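Residue numbers (PDB author numbering), protein chains in the order written: chain Y, 107 to 316; chain G, 78 to 423; chain E, 369 to 579.
Note that CB positions come from ideal geometry on N, CA and C, so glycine has one too.
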Amino acid sequence: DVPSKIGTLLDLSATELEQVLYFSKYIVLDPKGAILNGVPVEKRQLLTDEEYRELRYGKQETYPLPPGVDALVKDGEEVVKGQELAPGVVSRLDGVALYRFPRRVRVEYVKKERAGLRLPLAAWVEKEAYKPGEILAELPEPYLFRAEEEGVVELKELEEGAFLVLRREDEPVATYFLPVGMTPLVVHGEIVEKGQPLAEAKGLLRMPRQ
Amino acid sequence: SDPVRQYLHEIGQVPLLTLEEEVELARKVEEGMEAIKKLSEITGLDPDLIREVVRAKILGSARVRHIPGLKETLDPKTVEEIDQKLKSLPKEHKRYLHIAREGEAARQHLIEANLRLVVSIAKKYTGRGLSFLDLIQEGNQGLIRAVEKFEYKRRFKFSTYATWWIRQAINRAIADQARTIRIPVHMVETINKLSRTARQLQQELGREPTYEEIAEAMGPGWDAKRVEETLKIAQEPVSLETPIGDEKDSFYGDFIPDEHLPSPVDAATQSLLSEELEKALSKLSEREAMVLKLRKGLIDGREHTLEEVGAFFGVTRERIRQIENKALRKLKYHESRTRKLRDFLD
Amino acid sequence: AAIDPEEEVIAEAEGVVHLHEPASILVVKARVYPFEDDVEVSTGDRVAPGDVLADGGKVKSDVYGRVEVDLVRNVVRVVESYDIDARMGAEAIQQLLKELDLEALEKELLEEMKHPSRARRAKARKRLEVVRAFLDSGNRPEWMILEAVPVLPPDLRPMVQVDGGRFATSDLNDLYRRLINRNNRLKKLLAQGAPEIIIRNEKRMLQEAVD
DNA sequence: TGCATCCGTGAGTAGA
DNA sequence: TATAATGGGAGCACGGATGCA
Ligand SMILES: [Mg+2]
């Protein structure tokens, strides 16, 4: 009934009262120190549904990744607005990124073993330990690393470099390590003798990155 | 301006889940309920109470209300007591609390995600006597039942299991609320069955079936009388405001008399009845006439048993009845001479 | 972990885990608080700056927010949010009407009555008439909101049997039926912990039923 | 200050 | 109580009073 009596008392227009009573917009009964768009929440302020959800429950967004693609950022990493979350995905807001349903679990298994390598005295640079990518030796000339034991070759190839395990019968008689710059001259399941070249190490050879 | 459009807009604010999300929420819900059972085994409290407290903390300060099922009233003081009672548990026992919380949250998100299905199911049920939004709400109840009863172990999409409960709820609603005079659900099923049967019969025969033909197509146990009584009991009342003329001038309810309240003629009839009955009752000895009135409740408005009506004036038993008749004998005298009582006998 | 034990993935030996190719990525505005030992808050709790989160009170919250406890990632994450009380409908309106001090508003409007602008004096008058009406009458504004809806006596909304043995009734019975049904459904929905959307819609329907 | 919006009015009796 | 199903459908005339541009 115009003018609205309730609307008149609370100083609200017809539209506002309609929106509040009929569950269009929210009316603030207390700020609790809320801030919206840089200006603090005033009591008796009309909030939309989006505004109320953002204020009360916070702001977040989910970005779908095309199946078969990997993320350019890690899990739990702080993200800036405009920073690409993927090759085809751009994040609209700032905050913490979280992985939703990883389709692939890559487990890196820790392996600590004992291997051996035969090298010329001159080429080898003496060091108590060797970091990945650090030069193990520098060769003046092509050099072949021969087998010191007879047996069956087991070739285990990593990303770069390899482990060659020689075994007679069911018991391994030898374990050899071939660093970067060393090309295996044998294949998997090959029979070799003492003094037969296993691999050729030429030029400057260093520890693999892995 | 339009409630349905507004609700449909509020529905489109929640994005639909995916398979992994659905299975995730379902898993969190089930493991949440299991966690509640675990906390029940540990703390020694009521599973319902714990569930309602966890739910109270999830929903927040916005909603607190007493549940009819709980033995104790639910108030923020109590929810704080029980919450702090749950947080006092060791880490391994405190894990189930977090599990239950995330479980309830997952339940809320799961129900909120499926709200479209309820609408798509309820849109087919329009015209049964219930409003669209009513059907949507009952269907929402069905969806809630579905969420609480769902098992992700069976590798079934949630829509499959939910649809059944939604249809169930919608149907129960339609059967329950559509009639001004309430009829039980089974009887409603019977009436609907009768309707479909009669519709098939008129469909094949090319004319409106009789009670006998309906009795035949209904099988054994059904005769014409039962069909007639069932159709009679299936009749819906009509509105008193139903238009009579060509204008808004008159209503149906203006043509219905009130049979309850006594007309002035009836009131005067009863009054004069008491008058003439008091006129001819003083003609003879007082105590026996007053014993007659004592039996017929003119005095106290109650029929007194022979021992009581006896014990009234100091007599007892067998005499009293023989006096009443005696009174009724002498009562046959006076009136018969003045003949005043004829017309009141109708 | 999976449904069937044979499809589960169990680590053969010692190693580190790396998650790749996620279904999606969820960006949230929040604060991450990794905890080593034990957390004193649970999911759903609300937290102001300076409140103890985990580790016996070593790690606390920087900002206002809602608590999400991640057991998998072993971190207490606080989503930035406020405790704001913002309501809808006749509940909120009734609250506002209850909070009103009529004498104060009368004073304010009286001060407004001295403004040089004609329109402002007009509006101030129109409001002050209502305010003073409530003041003189002794009526409270919050009574314009109904907690309890009266029911008209059945003889003024009769269910009667006509000549033919059929029934005639008043439409007020149907309206009352709608109101009662929606109210009961609302109460059940509240007791069963329905989501905000459902309850909201139900309340709207209730309001329109009373309408 | 004037244009424009919503809202609320529009004979009686009889009969049907 | 279990394939999956996920956003509806209809439908003149002049006045006072207030709201807005
Ligand atoms: Mg039969």
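The DSSP-derived three-state label of E/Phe403 is coil. Taking the Cα positions, E/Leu547 is about 27 Å away from G/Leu147. A distance criterion of 8 Å places the beta-carbon of G/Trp241 beyond contact range of ligand 1, judged by its closest non-hydrogen atom. The nearest non-hydrogen atom of ligand 1 is less than 8 Å from the C-beta of G/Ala292.
Sixteen is the threshold: when 16 or more other Cβ atoms of the shown chains lie within 10 Å of the Cβ of Y/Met288, as they do, the residue is buried. The closest heavy atom of ligand 1 lies 8 Å or more from the beta carbon of G/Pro286.
At least one beta carbon of chain E lies nearer than 9 Å to the beta carbon of G/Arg232. E/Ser449 and Y/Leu199 have their C-alpha atoms spaced approximately 16 Å apart.
Measuring C-alpha to C-alpha distances from G/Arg398 to each of G/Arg372, G/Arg222 and G/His170 identifies G/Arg372 as the nearest. At a cut-off of 9 Å between C-beta atoms, Y/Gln316 does not count as an interface residue with respect to chain E.
By the Cβ test, the stretch 182-202 of chain Y is in contact with the stretch 392-399 of chain E, since at least three Cβ pairs between them sit closer than 8 Å. Note that the stretch 249-256 of chain Y touches the stretch 297-304 of chain Y; at least 3 beta-carbon pairs, one per stretch, sit closer than 8 Å. At a cut-off of 3 residues, the continuous stretches assigned as beta strand (DSSP E) that sit fully inside the stretch 121-208 of chain Y are 132-136 and 166-170. Burial is judged here by how many other beta carbons sit within 10 angstroms of a residue's own beta carbon; G/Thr274 has at least 16 and is buried. Within chain Y, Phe207 have C-beta atoms less than 7 Å from the C-beta of G/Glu97, given in sequence order. Under a 10 Å Cβ-count criterion, Y/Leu227 is classified as exposed, with fewer than 16 other Cβ atoms of the shown protein chains found around its own Cβ. Taking a Cβ-Cβ cut-off of 7 Å, the neighbours of E/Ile565 in chain G comprise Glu87, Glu189 and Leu192, given in sequence order. DSSP places E/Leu394 within a strand segment (E or B) once states are collapsed to three. In chain order, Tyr132 place their CB closer than 6 Å to the CB of Y/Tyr158, counting only its own chain and leaving out the 5 sequence neighbours on each side.
Within chain Y, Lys138, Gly139 and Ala140 have C-beta atoms less than 9 Å from the C-beta of E/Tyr432, given in sequence order. Considering only beta carbons, the part of the stretch 451-469 of chain E lying closer than 9 Å to chain Y consists of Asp451, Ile452, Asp453, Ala454, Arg455, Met456, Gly457, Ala458, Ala460, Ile461, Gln463, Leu464, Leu465, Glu467 and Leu468, in chain order. Ranked by Cα distance from Y/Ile141, the options E/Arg441, E/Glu382, E/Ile393 and E/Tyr432 are led by E/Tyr432. Going by beta carbons, G/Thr203 and G/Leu212 fall inside the 9 Å limit. Sixteen is the threshold: since fewer than 16 other Cβ atoms of the shown chains lie within 10 Å of the Cβ of G/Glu158, the residue is exposed.
Annotation for Y/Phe269: the continuous beta strand (DSSP E) segment containing it runs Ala268 to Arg274.
Between Y/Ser130 and Y/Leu118, the C-beta spacing is not below 9 Å.
Using a cutoff of 8 Å, the CB of G/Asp300 counts as near ligand 1, since one of the ligand's heavy atoms is closer than that. Minimum Cα-Cα distance from G/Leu151 among the listed residues G/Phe421, G/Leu350 and G/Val131 corresponds to G/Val131. The distance from the Cβ of Y/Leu153 to that of Y/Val134 is about 6 Å, consistent with a contact at the 8 Å cut-off.
Between Y/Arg209 and E/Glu389, the C-beta gap is smaller than 9 Å, which places the two residues in contact.
Taking C-beta separations shorter than 6 Å and ignoring five residues to either side along the sequence, the partners of E/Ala458 in its chain run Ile513, following chain order.
Put simply, the stretch 89-101 of chain G does not touch the stretch 117-129 of chain G. Fewer than three CB pairs are less than 8 Å apart.
Relative to the Cα of G/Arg184, the nearest Cα in the group G/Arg82, G/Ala103, G/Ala199 and G/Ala294 belongs to G/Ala103.
Sequence-distant partners of G/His143 (beyond 5 residues in either direction) whose C-beta falls short of 6 Å from its own C-beta, in its chain, are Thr150 and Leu151. In this chain, the beta strand (DSSP E) harbouring Y/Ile241 covers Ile241 to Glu244. In the structure shown, G/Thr287 adopts coil according to DSSP, grouped into three states.
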